[PDB]
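These notes concern the structure reproduced below.
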Amino acid sequence: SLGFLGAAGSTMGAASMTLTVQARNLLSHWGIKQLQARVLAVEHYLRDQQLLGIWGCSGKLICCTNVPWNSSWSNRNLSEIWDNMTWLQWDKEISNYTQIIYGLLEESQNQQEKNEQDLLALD
Amino acid sequence: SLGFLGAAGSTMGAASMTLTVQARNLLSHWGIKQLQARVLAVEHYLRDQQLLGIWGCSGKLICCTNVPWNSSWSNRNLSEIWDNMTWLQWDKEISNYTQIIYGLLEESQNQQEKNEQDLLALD
Amino acid sequence: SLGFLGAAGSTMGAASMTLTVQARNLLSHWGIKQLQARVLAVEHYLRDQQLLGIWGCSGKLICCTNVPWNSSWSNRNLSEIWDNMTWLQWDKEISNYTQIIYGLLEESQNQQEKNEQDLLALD
Amino acid sequence: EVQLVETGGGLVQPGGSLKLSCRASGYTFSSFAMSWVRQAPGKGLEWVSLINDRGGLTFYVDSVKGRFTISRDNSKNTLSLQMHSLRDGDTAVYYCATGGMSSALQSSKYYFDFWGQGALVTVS
Amino acid sequence: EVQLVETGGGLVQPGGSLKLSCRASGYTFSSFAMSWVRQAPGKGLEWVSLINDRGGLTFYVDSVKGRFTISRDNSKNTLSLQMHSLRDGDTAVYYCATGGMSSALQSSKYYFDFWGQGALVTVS
Amino acid sequence: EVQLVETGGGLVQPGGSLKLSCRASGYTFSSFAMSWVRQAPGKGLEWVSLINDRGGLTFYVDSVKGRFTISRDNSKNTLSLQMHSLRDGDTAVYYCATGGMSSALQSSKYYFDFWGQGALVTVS
Amino acid sequence: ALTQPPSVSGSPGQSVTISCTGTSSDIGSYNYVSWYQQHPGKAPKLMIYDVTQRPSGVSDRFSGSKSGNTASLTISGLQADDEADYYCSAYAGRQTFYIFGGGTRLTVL
Amino acid sequence: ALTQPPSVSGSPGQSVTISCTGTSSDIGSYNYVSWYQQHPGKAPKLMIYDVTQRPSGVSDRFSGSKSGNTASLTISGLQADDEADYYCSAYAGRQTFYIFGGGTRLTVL
Amino acid sequence: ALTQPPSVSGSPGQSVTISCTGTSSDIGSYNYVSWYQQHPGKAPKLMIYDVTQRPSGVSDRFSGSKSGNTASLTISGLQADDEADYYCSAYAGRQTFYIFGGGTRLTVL
Ligand SMILES: *[C@@H]1O[C@H](CO)[C@@H](O[C@@H]2O[C@H](CO)[C@@H](O)[C@H](O)[C@H]2NC(C)=O)[C@H](O)[C@H]1NC(C)=O
Ligand SMILES: *[C@@H]1O[C@H](CO)[C@@H](O)[C@H](O)[C@H]1NC(C)=O
Ligand SMILES: *[C@@H]1O[C@H](CO)[C@@H](O)[C@H](O)[C@H]1NC(C)=O
Ligand SMILES: *[C@@H]1O[C@H](CO)[C@@H](O)[C@H](O)[C@H]1NC(C)=O
Ligand SMILES: *[C@@H]1O[C@H](CO)[C@@H](O)[C@H](O)[C@H]1NC(C)=O
Ligand SMILES: *[C@@H]1O[C@H](CO)[C@@H](O)[C@H](O)[C@H]1NC(C)=O
Ligand SMILES: *[C@@H]1O[C@H](CO)[C@@H](O)[C@H](O)[C@H]1NC(C)=O
Ligand SMILES: *[C@@H]1O[C@H](CO)[C@@H](O)[C@H](O)[C@H]1NC(C)=O
Ligand SMILES: *[C@@H]1O[C@H](CO)[C@@H](O)[C@H](O)[C@H]1NC(C)=O
Ligand SMILES: *[C@@H]1O[C@H](CO)[C@@H](O)[C@H](O)[C@H]1NC(C)=O
């Protein structure tokens with residue numbers, strides 16, 4: 001509606017409603033440069049989709065997980081984060097903890113997937 | 001059973017039993033031409049998989065949504081679509097309306113994701 | 001914690017807990033050789049992901065199915081398979097039956113999707 | 001003309017088991033869902049079980065959910081109901097009918113349009 | 001100042017239906033969840049229905065799940081409740097209230113923030 | 001030799017809480033599921049709770065589902081049960097037992113292999 | 001779980017009605033009420049389906065309707081041979097599929 | 001379906017406590033217990049939320065706590081304007097969203 | 001939830017049968033019925049698992065079977081040391097994990 005990055009300056013609670021607009025624009029000798037550009041775009045897309053798969057978020061744009069939020073990563077209240085801040089500011093604020101969060105998300109799915117298997121193994 | 005496009009002339013119902021036959025054959029200067037052919041095939045595959053993901057149909061070959069069928073797109077009953085008709089004729093009929101349906105599928109999934117997020121946020 | 005393929009010599013049970021350790025390592029004129037190698041890496045990844053999709057296992061690393069083990073592919077009990085065998089030995093042991101198993105998995109999903117569709121067609 | 005013939009059993013002792021069969025002709029068998037409906041000698045009709053056209057899905061009334069199994073063999077045009085642990089409350093005429101469900105790509109039914117003659121099952 | 005004004009009717013016969021509505025101002029309508037709470041003339045408060053802010057999710061108390069529909073118009077600022085098959089046991093003052101649910105990205109509530117004065121609905 | 005020794009408490013007043021702790025030895029603790037089973041002084045055995053080998057999954061009888069918490073510490077090789085809101089009907093000998101579940105890659109059990117000495121828990 | 005009158009009657013040529021009452025979860029919510037005609041000693045056959053529709057092979061004397069949670073079958077032009085036990089069949093949902101009422105004995109005077 | 005006593009009372013300036021007892025699935029599970037003050041002839045007003053919190057616009061006299069399955073409202077010194085029917089409202093999960101108690105008629109002597 | 005006789009007896013050296021009757025959702029559907037021997041003053045010992053399979057350490061005198069919804073344990077060669085309370089443990093699915101109803105006092109004459 002607003003455009004490819006039209007919500008980039010909007011608050012997180014507004015920009016989160018345009019996730020399909022950005023998602024649909026991630027896929028689409030001089031031949032070498034053009035092919036490298038296309039292969040790189042594909043590789044980045046697949047890295048993100050694989051990472052979502054590892055976390056159990058495949059096929060979703062808004063994925064709820066079982067990892068608790070640590071107040072040391074960000075001590076802002078939920079209203080302050082979603083009503084008075086943009087995603088660029090948040091991305092900067094949480095940059096130093098992103099890999100920590102990603103590790104926990106992987107661990108969470110690893111435990112959950114085993115737990116699902118055990119629930120399914122009950123007769 | 002019938003081959004890659006063996007069901008192409010069969011009715012829409014009969015051809016719905018061969019979706020894996022067609023799906024498994026979508027992935028598989030001379031170097032530049034071969035690379036462009038492979039990259040283009042990959043991009044088409046990924047665009048279709050991304051589009052299914054946006055609709056909430058990731059990982060499925062048959063996916064049922066919450067978008068009602070509008071009689072202005074086609075007013076033929078089920079006995080005229082799933083029998084006595086092939087998928088090629090249907091595609092010829094559902095041409096001018098394909099983008100409308102895709103837009104509705106995207107909006108429906110966006111609402112589904114927001115509703116799931118709110119339901120999962122209830123303690 | 002053992003790194004990529006670190007569990008290769010461990011038992012199947014222990015190794016099943018390190019799937020994410022190596023899953024991340026499947027995606028990550030002289031330009032053509034490197035570019036073709038990158039495209040092949042993508043094609044192999046996508047063929048495996050498509051195959052998981054056909055089986056209804058998209059987005060999961062440990063996917064349980066409805067296909068029974070027929071005791072002719074391998075007649076070892078779970079104790080020997082999971083506690084006294086590695087994945088390389090298992091892969092060799094049932095290599096000759098993997099195409100049979102994959103075919104059954106495809107057929108199982110084809111029936112399941114129709115059943116889900118029929119269940120979803122009830123009011 | 002569509003015909004359904006319930007070539008099944010008769011008298012069983014309490015606690016025993018009895019199987020009913022239903023042969024059908026006059027239509028494509030593997031195209032309609034089928035069900036069993038029972039009528040106690042002095043009562044009205046009661047639905048007992050429903051099976052899809054492909055046979056993969058079965059539904060039962062709670063009173064028989066753990067005792068009756070409904071199955072089909074589409075190569076012989078045969079429907080059958082295997083009843084275990086029959087009790088005096090199960091005495092009834094059991095009618096075979098071609099309906100009660102449709103496989104999503106067909107028009108809705110929920111009709112039970114064609115009926116057989118009915119097998120009489122009694123419990124001593 | 002938040003103002004919630006019920007404009008619904010007050011008299012219906014048994015077996016009939018009555019639609020209630022609540023107009024609101026003083027706050028952004030689309031930012032809050034809303035509910036209907038009822039009080040029998042001689043009893044305490046009873047929760048009847050809850051709708052989220054968007055309007056896509058509705059919840060009801062078991063006693064009305066098959067009879068009442070809660071909906072809201074976020075273009076204009078109107079909360080509506082359509083009550084079908086009303087019984088004598090449903091005579092009560094029905095209060096319009098703001099709160100009861102937060103949409104995942106908002107702080108938790110699970111309480112009612114604002115109340116209207118309520119419509120009195122008599123059955124018979 | 002496999003041993004399970006309960007080190008829990010005795011008499012607690014109604015409405016209070018008591019924690020039980022079972023020390024396990026003679027086997028790899030993390031390889032087996034654990035459970036608590038109780039026997040009233042004059043009755044037979046009653047299953048109370050079951051915990052998986054990793055501790056991620058717990059199951060309870062409905063009569064204690066909202067009152068008892070079962071947990072494990074696989075580094076100390078101990079099993080704990082925290083019983084809240086104790087009732088007079090909970091007076092029993094509580095036995096620590098190994099078995100009751102298999103973690104999908106193990107052969108099936110659905111039986112209890114080892115039993116502890118048993119702690120006597122009473123409610124005034 | 002449906003309630004039906006034990007019997008109805010009328011003279012040849014007169015119209016008669018048979019009603020069924022259910023709840024909001026069956027007759028009300030689902031427009032899948034069907035009616036059956038069971039002659040004594042014979043298996044029932046379908047007379048009305050989808051509340052108002054009739055199958056091919058029967059006359060137009062039989063018609064139905066629904067209002068609220070009440071289903072109704074009207075038989076106009078009653079014939080001497082229209083003596084039978086009539087039943088409703090309502091679709092109740094995914095947990096409970098079909099509910100039948102008691103039979104209504106239609107006797108032609 | 002919460003139980004609280006009727007007719008709690010005291011003199012102006014004295015402290016009173018109004019409490020309600022629920023079960024392990026509601027007050028003892030979720031710490032989302034609110035209290036409402038309903039003067040006869042008026043709609044209920046919110047006084048306490050989230051067990052211990054109060055909205056802006058009311059005095060500091062009204063406060064509360066939770067222990068076990070029992071919630072408790074304290075009013076500090078009574079004033080004539082406190083003569084109202086007080087109610088508990090507890091969150092009780094996804095199937096039963098809210099459970100209310102009966103009213104406590106607070107009498108200021 | 002299982003029915004088991006309160007006591008059995010028999011001559012020393014002879015066989016005795018102890019049986020539990022359940023329902024289709026427990027003894028019938030699942031072949032996971034086990035038997036326990038509890039001597040007074042001691043914790044129960046496992047005697048039979050998976051209906052017929054004895055654990056190591058138990059002699060061949062204890063053997064079970066099942067038919068329909070009834071499971072039984074036959075104890076041959078009765079010894080003076082076999083006086084104990086015997087119990088069944090049936091698996092009844094993921095909603096109801098174990099049913100320990102019963103308790104048969106075995107008296108060896
Ligand atoms: C950019 O910021 C402006 C404000 O500077 C936003 O416009 C309005 O901001 C006020 C702030 O109180 C809101 O109440 C209005 O609703 C906003 N207008 C609209 C039309 O929504 C503006 O929306 C912001 N732009 C983006 C893209 O988010
Ligand atoms: C948050 O991070 C700190 C880092 O010191 C850690 O100690 C704490 O346990 C973490 N809490 C959660 C809930 O992850
Ligand atoms: C969030 O934090 C800010 C910090 O200034 C504060 O003003 C605001 O009231 C807080 N909001 C909530 C809902 O706690
Ligand atoms: C991240 O770490 C660097 C270390 O130099 C620090 O300067 C920066 O402020 C940190 N960022 C955040 C968002 O905490
Ligand atoms: C082609 O049509 C005939 C009927 O004319 C049918 O029997 C046959 O199965 C159809 N072929 C395919 C591939 O569907
Ligand atoms: C169907 O399409 C027509 C196109 O003109 C539109 O006017 C109509 O509103 C649509 N109906 C629905 C139910 O979406
Ligand atoms: C579908 O439409 C065609 C139009 O000719 C009609 O003949 C056919 O009977 C209709 N089918 C159904 C099931 O209504
Ligand atoms: C689509 O639009 C074109 C406009 O020229 C028209 O000719 C064509 O018939 C339309 N297609 C359908 C399926 O209605
Ligand atoms: C290799 O074998 C030894 C045998 O004792 C075992 O302890 C060790 O864990 C194995 N290594 C791996 C990587 O599994
Ligand atoms: C598995 O089979 C082997 C023989 O191949 C046997 O020695 C072992 O005890 C069996 N284990 C189980 C748990 O049945």
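Each chain in the structure tokens gets a letter, A, B, ..., in the order shown, and its residues are numbered from 1; ligands are numbered from 1 in order too.
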Within 9 Å of ligand 1, counting only C-alpha atoms and all ligand atoms, residues as a PyMOL selection string: chain A and resi 2+6-11+14-15+86
Given 6 Å and only C-alpha atoms and all ligand atoms, residues near ligand 2 as a PyMOL selection string: chain A and resi 68+70+72
Expected answer as a count of residues only: chain F residues within 12 Å of chain H, only C-alpha atoms: 10
For ligand 3, return the neighbouring residues as a compact mmCIF listing (two decimals) with N, CA, C and O atoms, in the first residue's frame (distance at most 8 Å; only C-alpha atoms and all ligand atoms).
# COMPACT_ATOMS: atom_id res chain seq x y z
N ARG A 76 13.24 -1.55 27.40
CA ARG A 76 12.10 -0.71 27.07
C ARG A 76 10.82 -1.51 27.28
O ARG A 76 10.79 -2.73 27.09
N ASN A 77 9.75 -0.82 27.66
CA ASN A 77 8.49 -1.52 27.79
C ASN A 77 7.88 -1.76 26.41
O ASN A 77 8.26 -1.14 25.42
N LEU A 78 6.93 -2.70 26.37
CA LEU A 78 6.34 -3.12 25.10
C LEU A 78 5.65 -1.97 24.39
O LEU A 78 5.74 -1.85 23.16
N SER A 79 5.02 -1.07 25.14
CA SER A 79 4.35 0.06 24.52
C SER A 79 5.36 1.02 23.92
O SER A 79 5.15 1.54 22.82
N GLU A 80 6.47 1.25 24.61
CA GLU A 80 7.48 2.15 24.09
C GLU A 80 8.09 1.59 22.81
O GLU A 80 8.36 2.34 21.86
N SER E 107 0.50 -3.58 26.11
CA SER E 107 0.62 -4.09 27.47
C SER E 107 -0.63 -4.88 27.84
O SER E 107 -1.74 -4.61 27.36
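Taken over all Cα atoms in order, the superposition of chain I onto chain H returns an RMSD of 0.5 Å.
The Cα RMSD of chain C against chain B, after a best least-squares fit over all residues paired in order, is 0.4 Å.
For chain I, the residues within 10 Å of chain A are residues 29, 30, 32, 91, 92, 93, 94 and 97 of chain I, with only C-alpha atoms used to measure distance.
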Distance in Å - atom 3 (C, counted along the ligand's line) of ligand 5 versus CA of residue 114 (chain D): 28.0 Å
Counting only C-alpha atoms, chain A residues within 8 Å of chain F, as a VMD selection string: chain A and resid 111 115 117 to 118 121 to 122
Surroundings of ligand 8 up to 6 Å, based on only C-alpha atoms and all ligand atoms, as JSON, numbers by chain: {"B": [93, 94, 95, 96]}
All residues 7 Å or closer to residue 96 (chain D), only C-alpha atoms, same chain fewer than 3 positions away omitted, as number ranges by chain: D: 4, 6, 22, 35-37, 115-116, 118
